[PDB]
Structures are given as C-alpha cells and as structure tokens.
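Only one structure is covered here, and it is reproduced in the block below.
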Amino acid sequence: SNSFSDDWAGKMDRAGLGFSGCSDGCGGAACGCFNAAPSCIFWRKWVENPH
Amino acid sequence: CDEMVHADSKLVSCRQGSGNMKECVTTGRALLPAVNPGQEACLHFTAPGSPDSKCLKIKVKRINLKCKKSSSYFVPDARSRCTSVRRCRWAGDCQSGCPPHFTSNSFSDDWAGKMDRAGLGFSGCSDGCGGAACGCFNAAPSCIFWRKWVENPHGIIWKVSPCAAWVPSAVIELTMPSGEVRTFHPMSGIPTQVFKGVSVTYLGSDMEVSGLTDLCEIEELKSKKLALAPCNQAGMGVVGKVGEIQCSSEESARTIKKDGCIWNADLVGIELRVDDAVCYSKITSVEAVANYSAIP
Amino acid sequence: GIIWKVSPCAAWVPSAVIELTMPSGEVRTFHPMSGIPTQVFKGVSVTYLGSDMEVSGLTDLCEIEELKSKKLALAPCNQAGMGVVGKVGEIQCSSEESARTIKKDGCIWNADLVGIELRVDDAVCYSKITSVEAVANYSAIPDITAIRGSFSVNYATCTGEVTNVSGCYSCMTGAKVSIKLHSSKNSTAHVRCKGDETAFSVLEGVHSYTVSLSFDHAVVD
Amino acid sequence: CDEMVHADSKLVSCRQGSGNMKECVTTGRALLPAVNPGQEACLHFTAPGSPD
Amino acid sequence: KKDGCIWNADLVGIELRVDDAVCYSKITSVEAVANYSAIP
Amino acid sequence: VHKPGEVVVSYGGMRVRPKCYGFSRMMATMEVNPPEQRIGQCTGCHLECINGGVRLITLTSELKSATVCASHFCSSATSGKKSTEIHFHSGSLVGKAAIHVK
Amino acid sequence: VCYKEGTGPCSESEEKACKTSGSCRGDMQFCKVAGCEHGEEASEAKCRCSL
Amino acid sequence: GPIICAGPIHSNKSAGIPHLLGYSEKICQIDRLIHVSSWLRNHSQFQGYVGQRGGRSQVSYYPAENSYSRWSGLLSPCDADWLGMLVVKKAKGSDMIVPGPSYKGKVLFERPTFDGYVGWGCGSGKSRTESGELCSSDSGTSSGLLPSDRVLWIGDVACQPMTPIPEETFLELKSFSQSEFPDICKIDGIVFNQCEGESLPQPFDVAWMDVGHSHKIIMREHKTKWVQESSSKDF
Ligand SMILES: *[C@@H]1O[C@H](CO)[C@@H](O[C@@H]2O[C@H](CO)[C@@H](O[C@H]3O[C@H](CO)[C@@H](O)[C@H](O)[C@@H]3O)[C@H](O)[C@H]2NC(C)=O)[C@H](O)[C@H]1NC(C)=O
C-alpha cells in the first residue's frame, strides 16, 4: 500500500495510506491487445488538501 | 440566460506573457441557481483590466429519472449438449472403483486436453452394462464418461446493472470559453463528479422524489428493444433469478471462453441410461419467467 | 427388485405438444416446455416461450414411475442429494444398469438404518425401512415463437381451377375449400389478396391434384 | 393454417452455386401468435427472386 | 505526511468501469452536518 | 491383441462405422462481416395551429421520408417539453401528430 | 524483429522482403494480417519474425 | 509392449525387407516400423533402417498423454498402409505445416487431412532440427539408431476394417456438419461453406471420422460406442 512498484518503484505518496486492488478485465478486439483472458487494473486513492 | 451569476475574481494571478492580449490562470467555487428546462444558464468572468472578458453557457435540456450502472454483466443464451464415450471393462481398463478425482478441463480419454467448448462442465463414471447384450464378454460392469456443454450457437446478449434506486437527473450541454462544446449526463441528484477538461458539475435540488420496487434495466446488443424486470444481480447467480450466467467480456460474450463468467452447480440436466447419457436443462429464458413490465 | 425413477420438479407450468416440418421435408417430434423460456435444440431451429394464459398452484408433489411399468404413481415425493428422515426415497441410486444390485458407488446409504441386534451366540436381522406405498401417499393416478439459426434454404405455368365450397363462418375452425390444380414444377403458393381473411401456403406435385384449406367468410368472394 | 406470418428476408446473402436453382443461407428472429389446439401454424419464406 | 493522523476504512469512493476507475467521496464538511450553534 | 475393440460412431439419429476415427490439428481460415450502417433523410414538418400552454394537447403536422424499421427518438420544444411519442414507426408514409404545451 | 538465427539477423533485402514476401514464417499477430504464406520449409527455413 | 515380438536388430543397414503372405507375421513387422522405412525407399529414396530396439514401446506423439498409444492393439494410419486399408501420400507446396511440435531430428511425420493422409520426408544426413520445411545437412545422424527421433506422429487416430454406407447417408452428414459450424467457411482451401473474404493463420482442432468417401466429417455432439467381437482378422 505504500510503494506501488507498478508505477515508478516506491516513493513519497501524496495520499495517506490509500488502498490497492485489481479489478475485472476487458479483453478482446475492443480493448485491442488481442488476448482472450481478462486484464487486471491497478487503482489508487488520494486523501488530499490543495488549500 | 435569465439567471446569471458572475465569478469571484478576487483570486488574481495573471502573467503578462503578451502585452497586446493578457493571460491569466484562476480557479474557485461557484453557486448558480438551477435554470428552467429548455434554457441555458450563464457564468460571467471578470478581469481587473477593462476591455476583455469571456462567458460560459450551461444549457439544460431534459428532466428525467435514471440510475447509475453500479455493475455490469453480460448474459449469453445457454444450451445443454452432452456427449458419451462408452468403454467397457478390461477394454477401457477403467478402475474397479471409479476415481473420485476428475479432471474437468483436459479429458485425456478423448484426445488428451484441448480447448473445451463448454464452460467447466463436469465429469463422472456411471453404472455398468456387462454381458452378451453389450457384447464385450466381460462379467463385471463398465464405467461410462460423460460431458456437459453450456453453449450458444447464435446468441442474443443482454447487459444488465442493479442500481436499485431512482434519483432525478438532467441533460447538460456545456460551452467552454474557448469555444468547445462537450456533452455528458450528470447524475446531479447524487453528488457525482464528472471529469472533463477543467470544470466539473455537481449536485442540484431534489425538489421531488419517488419510490419504486427492486427493478433494473435489460438491454439487448442487437437492440431488439429495451426491457425491464426485477433484475436481481450480485457476484453470484442466486436460485430463481433472472441472470444465471454472468459474464464480463462482450468480445468473449458470443462463446463461453473467458474465465470471468461463472456457472451454476448441477445446472445442466445430464441423465444416464443402459448405454449412453442424454441431455436436458432446467435453465429459464429471461422473458416470461419473472417479468413485471414492458417498455412502450 | 422393482425400480422407480423419480424427479423433484416441485412446480407446474403449462406446456404443449409440437410437431415440426422442416422445409426440406423432415418431421422431428419433441415436447417444448413453452411456459418456461426453455430452448430445445434440433437441426437448425429452436422454439421457445408462449403465453401463460392460465396458471394454478399445487403442493409439494412429484412423479413416481416403475421400470416394468406396473402403473404410474404420485406422492409428496421428497428428494435431495441425501436421504432425509421419514421421506419416500432413502436409497437414491444413479445407474439403471447397476440398479438391480447394489454395486455402484453413486448411491448413498443411511447411517444405522439396518436393524442388527445381538444375542448370547449370534446376531439376527431386522429393518426399519418403509416401502414407497402406503407410507405417505396422497393420490393414485386413474404465443409460441421460435428463433432461427443458420438455415439450409433451398430454391412456371400453373392454374388454380377451384371446384367447391363448404359451410362455416364464425366457427373456431373455418370452412374447408378444395382446389384442383396442376403445375409442371414442385412449388408453393401464396395469398389471395381479396380473400380478406388469411394468407395461403400450399404445396403441390407435378400432376393434377387437389389440396384443401380452411377459411371463413360472410359471403364468398 | 389460419394464422400465418411471413419471414423478414431483409437479411440477404445468397451464393449462386447453381444457375438453374439458387441457394441461400439466412437466419433471424420471428414472432408468430399461438394457434388454437388441433391446428398447425405456418411460416412463409421469401426470396428476392420470384419463382421459388 | 505525518503518520500520527489516522484514516477511515473504505472512506474514499473508488468505483470501476470497463476501462478505468473514477473518484467520488462520502466525507462531510464540518459545517451544516451537525451544528447546534454559531458564536456571535 | 491388447486392443479396446471396434468403434461405431452414432451421431444425431445415425449409426455409422468408421474406417479411421481420430483427432488431429488442421490448417484453417476465418471470416468477418463488417458491422454498422447509417441513415438520414428529409422530412416535412408543418404546424396547422397551436394551443400550447399548461394544457397537454397541441396540433403538430410532421412527416417522414424513410423506410427504416426501427425508429429513433424524438425531441422537445422550448419551455421544457417531453413528447409522449418520441419513437414511432418509420417504414411507410405515416404522419406523426405530436402534443405539447408550448 | 527479424533474425536469420544463423549469422545473426536478417538482411535489409530480407526484412524489406519479409513485409512483402511469402516464405519467411512467424508466430501469430503476424499471419492473420501480414500473411505468413508458410512455405513448407523442411530444411533451411527462412528467417522467422516474431514480436 | 510388443504385439508379438521385439523387432530384429541387424547391423548391416543395406537390406530391403521383402513381402510376406502371412497375416500374423506382418503385425510384429509393423511393430518394428518396417513399413515406414519402405516409404523412404519409395519416395524419399533412402535405405534407412528405422527405430532399432524401439518397437511401439517408446514411440512418442505430440499430445502429452495418449491413451490410444497405451493400446498397441489399435492401429494408426501410417500402419494402415502396409495392410492396404489406406495409403499415405506426398506433400504439395500448397500444403502447410502445423507449428505445434518440436521438429528436432525428424525425417517423417504424419498429418491427417480433410482429403487424405500426408507424409513429409528429408534427405539422409539432412537432419530436421527446426519446424521449417527446410532440411539441414548434418553428420550427427549418420548412425541409423534413433528411438522414434525421426518418427513423430501427429494426432491420435484409431483404425479398423469397415463396411461402407450408402451415398445418401454420406450426404446427410455433410450437410449437418455445415449447419453446426456457422462460422467455419473455408478449410485447407476446400470449401465447407462459401462465404465472403477470409483470413489465414489459424490452427484448427476438431475430431473427425472417415467412412469411405471424399469429404471428411467433423463432430461436436457425437456419442461413441465400443464393441469387441471375435473376428478372424483380429487375432
Ligand atoms: C514400395 O514399392 C515396392 C515395389 O514398387 C512395393 O513392394 C510391392 O508391395 C506390393 C504390396 O501389395 C506387392 O504386391 C503384391 O503382393 C501383395 C502381398 O505382398 C499382394 O496382395 C498384391 O495383390 C500383389 O500381388 C508387390 O509384389 C511388391 N513389389 C515386388 C517387386 O514384389 C512396396 O509395397 C512399396 N511400399 C510403399 C510404402 O509404397
């Protein structure tokens, strides 16, 4: 929940302990990368404070 | 526009990139009253300098009651086909005690392991014919191996979502000060935040609300028409519901090949005989099983 | 043994009897459960649901049938994966060819069902099982539409020459009319526009025959 | 048959495998009303060509 | 950035789609949620 | 000989003897049929009279010059309309008389 | 990528051919659209192009 | 293991195996893969004695586990050639390989087709060390000893004496196969259902049977049946 090696290894996270997860998968000609089996997606959440 | 509210330009930070025409970058928050349907609302921009300024026109078109797709699932048209390879004992040499473990994907008995046109159909032995009638002259009985397919020759596919709610929403067209026009549908009864360009629109007043039972929408991919039903949905197929096979790829919604979609235990009707097994089914079509309306 | 095969549908929905005519000339029978959107598979076509113009309710009952076919019997007919206490079916066994003896594993016993009792020398047999009959018995028996698949559709002078007329208007079957035609080819006919009642769909051989169809009218046109 | 509905032959794809008699392959969906018991219902097929 | 301050389980509104996820929230501002007075 | 025995293939109401029964990989081909079609077309729209207001009924005489089986939506007028007939069959020369409160 | 797997990669005259030629075989996503004519090269196969 | 016997090992390679009238003598000969070598002398033109000490006990097939392989009693199409049932034929340029197996050290593989049975050959010393059609010279194969190294057979086929069916019965199967596969139009160039334009690279794997007619038949909804009866040939 802190590093996320998927997108640039591990650094300071502008969120306070946001979560992680996979998801359901799009697969086929519509999403275009030609594999039949579905695709995992990785997501972040920030709790932030601009001003 | 009849109702009009100006910005709060007190946030001032403008860089004089060009002298003939200025530049500036700003943000903030605004509170404009809801305009009557069929008319557009404005938003005035001001600068400390006099000559130049811009505007932003927000046009409403409709008032209606839709609900947001919390999930999404596809449903093919299941059919039940079943094969039967009938070895007999000492000729299939199959175990006296049928192996309680069954390999549900390969089936080395008939051509090793390949793509199976069924979605995780089951396996099993059976009772045994043995003697002169079945003709392979051994006294002890013979195991029989059977398959079940959940198949779809020419499907008609439905995508479904269980919002199970109803809140007012409208139709909005937007006018960027540059001159862009981008459409979208805000669920302004709920504090949803639709993202586009630089701006985001949000909630309005729910000046009337109504209640309704557990119903949600059924739509067809060839677009026969649009249908409504009790429309139960979850992560799994509960007994007696509209949607049994719940499958999550349109490009893989013709056949049954993606893993994401999930079967029902003992759903397909395999029954045995003295020679070989025959196919039946207990699945129900979407129509005329639990239908409480039909859209005009 | 006398063997019974049983199934717990625990429901009742209207259904009918259907015979089908492929354009090639095939005739295949089947029984569609057209009250339920069931999809029976055959050849290229599939028929499905109709209108449930009347429905009724009934208690938990289902069918009992005998393999020698003594007769057909009805009972409360409880059934599940296991034999619950006091039900009709205790031994539930899944192979007819292995239904004479007890040798297939699929069929499932009851804990301490058989009556073994001891003595000072040796044990004797008893039982507590119940026969299917007279234990719990509550009776004793005395918009059709289709979907199209990838079909196999295939592909001159002709005279009508009617002969007679029958009598029916406003009777649920209609009056039957006979027509004596001949055609040099094997073909099919189509609707009379002014008949004003229904369309036509006749088929003929290459001779002089007659094929008669049913219609109703106030006055013949 | 008293109740009769024709097909929707707008799906057209026929290969001229033979010139004397044509060939075609088609599919679709249909909605025919339920006929009274003891009688048969029809379904008419049409082709862009006339005779057959 | 300091560890001392403590979050809420599943407070932030992440929802998925067929391509990518969008943001929402269920937090409430301090004002007009439960306010029983305002100092003169 | 250590063989299972003779083979017979029964396949959908038939009983057939195989000289050689087997499975093997084959070199094949696949086809595709392009999806989508589009339509547009002039329509005659005229207004005989108007009684819009609060009352639901109005007299509007619009038509269509098209043949498509499936008819799309329709739209509204000024001051917040939603016509009770937006979709109506567009196969033949069938005029459409809508209602409004304009 | 195109490689002769003997004396290294394919030639420029070869790789330019192998977007027009019909003898150098390859994996999928290269035969559906780019047309592997799959010359039955029992011996001395031409250079294979994959992803 | 052996139907009858273990095949002979004779050091002097240059020997052409002759004909035999006997029925129960050629089977153990078939166990020795004697017939496949005769194909080379007939079409490949090489006197390569094949599969010393091999028999039918070590020959391997592309699918990982073959139940039919365990049963030596059943008969494989290349072994239907000695007994006169079917005959394997050469390969044309328009016929293409299947990229499945690892074509290392081969000279003769089978591939059953829609029409008939196809065999491919290379030269002696032309070792087959790649899936390509091109055969490669090498001295590492000078010795004729190889445990089915050059003999790798595709598919899992059972064969037997058969009695034909009328011509119309054949026509019924051909039409019904067309209906069941709406998508399939073109196979091996042979028409299955005429359609619009089609792509190319796609390997394809369904079961099939032959009943004595030109067009092969495929199935997905079939039920088999196993009967064994005392036939004088099956001894
Ligand atoms: C390779 O070519 C060889 C010669 O061209 C051929 O040998 C020939 O085999 C046939 C087999 O039918 C023999 O035909 C005679 O004998 C059989 C039984 O052995 C009879 O049933 C036939 O009716 C016929 O009378 C030929 O006699 C024999 N050639 C010689 C010179 O004896 C091989 O069979 C060929 N091998 C392959 C794989 O094609």
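Convention: chains lettered A, B, ... in structure tokens order; per-chain residue numbering from 1; ligands numbered from 1 as shown.
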Inset, instruction - Collect all residues with atoms no farther than 12 Å from ligand 1, counting only C-alpha atoms and all ligand atoms, and output them as a PyMOL selection string. - result: chain H and resi 16-23+25-26+30+33-47+78-90+119
Inset, instruction - Extract, using only C-alpha atoms, all DNA, RNA and protein residues at most 7 Å from region 19-34 of chain C, discarding same-chain residues fewer than 3 positions from it, and format them as a PyMOL selection string. - result: chain C and resi 15-16+37-38+40+48-50
I need the residues from that last selection saved to file as a PDB file, in the first residue's frame (with N, CA, C and O atoms), if you can.
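Ended up saving to part15.pdb:
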ATOM      1  N   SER C  15     -47.581 -26.464 -20.819  1.00  0.00           N
ATOM      2  CA  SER C  15     -46.767 -26.865 -21.960  1.00  0.00           C
ATOM      3  C   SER C  15     -47.675 -27.610 -22.931  1.00  0.00           C
ATOM      4  O   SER C  15     -48.833 -27.901 -22.623  1.00  0.00           O
ATOM      5  N   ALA C  16     -47.143 -27.928 -24.107  1.00  0.00           N
ATOM      6  CA  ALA C  16     -47.978 -28.428 -25.189  1.00  0.00           C
ATOM      7  C   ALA C  16     -47.234 -29.529 -25.935  1.00  0.00           C
ATOM      8  O   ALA C  16     -46.164 -29.980 -25.519  1.00  0.00           O
ATOM      9  N   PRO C  37     -38.987 -20.277 -20.550  1.00  0.00           N
ATOM     10  CA  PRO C  37     -38.181 -19.982 -21.756  1.00  0.00           C
ATOM     11  C   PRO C  37     -37.076 -21.009 -21.979  1.00  0.00           C
ATOM     12  O   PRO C  37     -35.885 -20.702 -22.079  1.00  0.00           O
ATOM     13  N   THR C  38     -37.473 -22.272 -22.069  1.00  0.00           N
ATOM     14  CA  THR C  38     -36.546 -23.340 -22.396  1.00  0.00           C
ATOM     15  C   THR C  38     -36.221 -23.299 -23.882  1.00  0.00           C
ATOM     16  O   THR C  38     -37.006 -22.807 -24.695  1.00  0.00           O
ATOM     17  N   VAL C  40     -35.070 -25.879 -26.714  1.00  0.00           N
ATOM     18  CA  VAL C  40     -34.796 -27.226 -27.198  1.00  0.00           C
ATOM     19  C   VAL C  40     -34.035 -27.140 -28.513  1.00  0.00           C
ATOM     20  O   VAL C  40     -34.355 -26.322 -29.383  1.00  0.00           O
ATOM     21  N   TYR C  48     -39.488 -21.598 -28.417  1.00  0.00           N
ATOM     22  CA  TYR C  48     -39.403 -21.094 -27.052  1.00  0.00           C
ATOM     23  C   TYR C  48     -40.767 -20.562 -26.624  1.00  0.00           C
ATOM     24  O   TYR C  48     -41.797 -20.904 -27.214  1.00  0.00           O
ATOM     25  N   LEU C  49     -40.763 -19.724 -25.587  1.00  0.00           N
ATOM     26  CA  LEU C  49     -41.887 -19.449 -24.697  1.00  0.00           C
ATOM     27  C   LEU C  49     -43.216 -19.106 -25.362  1.00  0.00           C
ATOM     28  O   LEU C  49     -43.263 -18.678 -26.519  1.00  0.00           O
ATOM     29  N   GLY C  50     -44.299 -19.293 -24.606  1.00  0.00           N
ATOM     30  CA  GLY C  50     -45.607 -18.835 -25.015  1.00  0.00           C
ATOM     31  C   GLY C  50     -46.282 -18.097 -23.875  1.00  0.00           C
ATOM     32  O   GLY C  50     -45.670 -17.804 -22.845  1.00  0.00           O
TER      33      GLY C  50
END
Inset, instruction - Enter the distance from CA of residue 277 (chain B) to CA of residue 84 (chain B), in Å, rounded to one decimal. - result: 6.3 Å
Inset, instruction - Would you mind reading off the distance between CA of residue 271 (chain B) and CA of residue 74 (chain C), one decimal, in Å? - result: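 Here the two named atoms are 21.1 Å from each other.
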Inset, instruction - Compile the contact shell of residue 26 (chain E) as a PyMOL selection string: residues with an atom at most 10 Å away, counting only C-alpha atoms, same-chain residues fewer than 5 positions apart removed. - result: (chain B and resi 191) or (chain E and resi 10-13)
